[PDB]
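Mind the numbering: the sequence shown is residues 3 to 310 in the deposited numbering, read in order.
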Amino acid sequence: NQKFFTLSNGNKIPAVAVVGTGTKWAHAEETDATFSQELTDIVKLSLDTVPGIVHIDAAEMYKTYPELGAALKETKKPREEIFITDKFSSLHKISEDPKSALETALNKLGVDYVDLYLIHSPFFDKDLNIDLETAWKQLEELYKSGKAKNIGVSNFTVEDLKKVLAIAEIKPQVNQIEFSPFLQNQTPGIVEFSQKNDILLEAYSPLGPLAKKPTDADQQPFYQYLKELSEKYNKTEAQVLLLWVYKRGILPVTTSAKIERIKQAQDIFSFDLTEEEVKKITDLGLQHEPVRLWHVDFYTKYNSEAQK
């Protein structure tokens with residue numbers, strides 16, 4: 003049975019996002035230009051077949067609205083069984099401001115609102131004629147007008163959150179960060195700070211440790227224990243890790259090309275980790291050095307604090 007997080011505003015969000023539109027298969031030189039049928043297909047198949055409320059992770063920056071649009075139009079999934087996260091591209095300017103970006107997203111997506119709208123990065127493009135304060139106020143209006151049912155940020159440091167909390171009429175509900183066993187603090191003290199201020203974390207690329215397991219794999223305690231738990235529960239290693247993210251009070255955001263893994267992702271609440279299994283994953287993960295796949299140029303300097 004599906005599990006949800008309760009945001010600070012009372013709204014429910016599916017506790018795993020199993021469908022992402024960040025990753026494309028397009029057979030061309032300029033992949034930025036080419037529609038990916040194989041992406042609309044995997045998304046539409048997800049929507050059609052994945053049980054319960056299906057949480058999609060989109061962003062302006064992915065430039066895959068048409069693909070997601072095509073699948074949304076063609077799906078027999080009704081709109082209220084889809085949870086659509088979308089992200090204003092603040093790092094690489096595509097639209098002037100959040101309101102223009104969301105307007106353009108709704109047009110292309112064929113929907114009237116998104117269920118969550120995030121400011122994608124605190125490092126505002128120098129070409130944007132808006133700063134974070136103004137950016138947030140726009141999201142506050144989109145929220146009020148119901149075009150964004152929930153609002154938050156992504157890749158924000160404690161500092162970035164304070165700037166926003168300092169001017170916030172509507173408290174940001176979500177901070178989407180890179181989080182996994184091998185990067186347990188994207189930026190110094192973010193997890194503890196976010197959870198103490200009732201800001202829900204999502205974890206992007208939580209499956210990093212399983213991206214390409216090391217050569218000396220089942221010598222490494224992290225990988226031995228993870229394997230151990232996969233057999234105990236008769237689940238995939240991925241499912242264990244996704245569930246661990248959840249058990250940490252964080253909403254894991256994952257994607258696959260393979261409908262099996264997506265369905266497995268949705269089905270992580272077919273099982274449960276004990277307190278000590280979670281602590282041990284946490285612990286054995288923390289012995290690993292930081293593995294950061296995202297906002298690398300900005301946050302590499304924070305690596306010394308990521309695996310505390």
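Even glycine gets a Cβ: it sits at the ideal position worked out from N, Cα and C.
Three-way DSSP call (helix, strand, coil) for residue i in this model
| i | result |
| --- | --- |
| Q178 | strand |
| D59 | strand |
| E32 | coil |
| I15 | strand |
| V255 | strand |
| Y206 | strand |
| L41 | helix |
| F195 | helix |
| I84 | strand |
| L185 | strand |
| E171 | coil |
| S232 | helix |
| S97 | coil |
| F300 | helix |
Those residues which DSSP pairs with residue i across a bridge
| i | result |
| --- | --- |
| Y67 | BP columns for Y67 are empty, so no partner. |
| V20 | Its beta-bridge partners do not exist; DSSP assigns none. |
| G154 | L120 and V176 |
| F90 | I121 |
| residue 311 | Because the chain is modelled from 3 through 310, residue 311 falls outside the range shown and cannot be assessed. |
| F273 | Partner(s): none; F273 has no beta bridge. |
| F6 | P16 |
| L163 | In the DSSP output, where bridge partners are listed per residue, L163 has none listed. |
Rounded distance between the beta-carbons of residue j and residue i, thought under 8 angstroms
| i | j | result |
| --- | --- | --- |
| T23 | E69 | 6 angstroms |
| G54 | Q268 | 7 angstroms |
| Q222 | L202 | About 31 angstroms; that fails the 8 angstroms criterion. |
| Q178 | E204 | 4 angstroms |
| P208 | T256 | 6 angstroms |
| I270 | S48 | With a Cβ gap of about 15 angstroms, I270 and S48 do not count as contacting. |
| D220 | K229 | 6 angstroms |
| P211 | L243 | 7 angstroms |
| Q140 | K164 | Not confirmed; about 19 angstroms, so no contact. |
| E142 | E171 | 5 angstroms |
Contacting residues, own chain, Cβ-Cβ under 8 angstroms from residue i (five flanking each side not counted)
| i | result |
| --- | --- |
| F273 | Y235, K237, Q241 and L245 |
| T302 | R294 |
| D50 | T77, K78 and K79 |
| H122 | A61, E62, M63, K89, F90, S91, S92, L93, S156 and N157 |
| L118 | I15, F85, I86, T87, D88, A150, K151, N152, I153, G154, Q175 and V176 |
| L167 | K173, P174 and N199 |
| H29 | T36 |
| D162 | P124, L134 and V155 |
| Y227 | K282, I283 and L286 |
C-alpha distance - residue i paired with residue j, whole-angstrom precision
| i | j | result |
| --- | --- | --- |
| residue 313 | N3 | No answer is possible for residue 313: the residues shown for the chain start at 3 and end at 310. |
| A150 | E307 | 33 angstroms |
| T25 | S38 | 10 angstroms |
| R263 | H57 | 14 angstroms |
| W138 | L120 | 9 angstroms |
| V21 | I44 | 9 angstroms |
| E233 | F300 | 39 angstroms |
| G148 | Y115 | 7 angstroms |
| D127 | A103 | 14 angstroms |
| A259 | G251 | 26 angstroms |
| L275 | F224 | 16 angstroms |
| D59 | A19 | 7 angstroms |
| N11 | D218 | 46 angstroms |
| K75 | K46 | 9 angstroms |
Neighbourhood of residue i by C-beta distance below 6 angstroms, restricted to the same chain and skipping five residues each side
| i | result |
| --- | --- |
| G191 | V160 |
| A17 | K5, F6, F7, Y248 and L253 |
| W296 | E180 |
| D129 | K95 |
| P292 | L185, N305, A308 and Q309 |
| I132 | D99 |
| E135 | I169 |
| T42 | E69, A72 and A73 |
Cβ-based neighbour list, residue i, same chain, cut-off 7 angstroms, excluding 5 preceding and 5 following
| i | result |
| --- | --- |
| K110 | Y67, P68 and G71 |
| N13 | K151 and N152 |
Below-9 angstroms beta-carbon distance, residue i vs any chain B residue
| i | result |
| --- | --- |
| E307 | This model lacks chain B altogether; it includes just one protein chain. |
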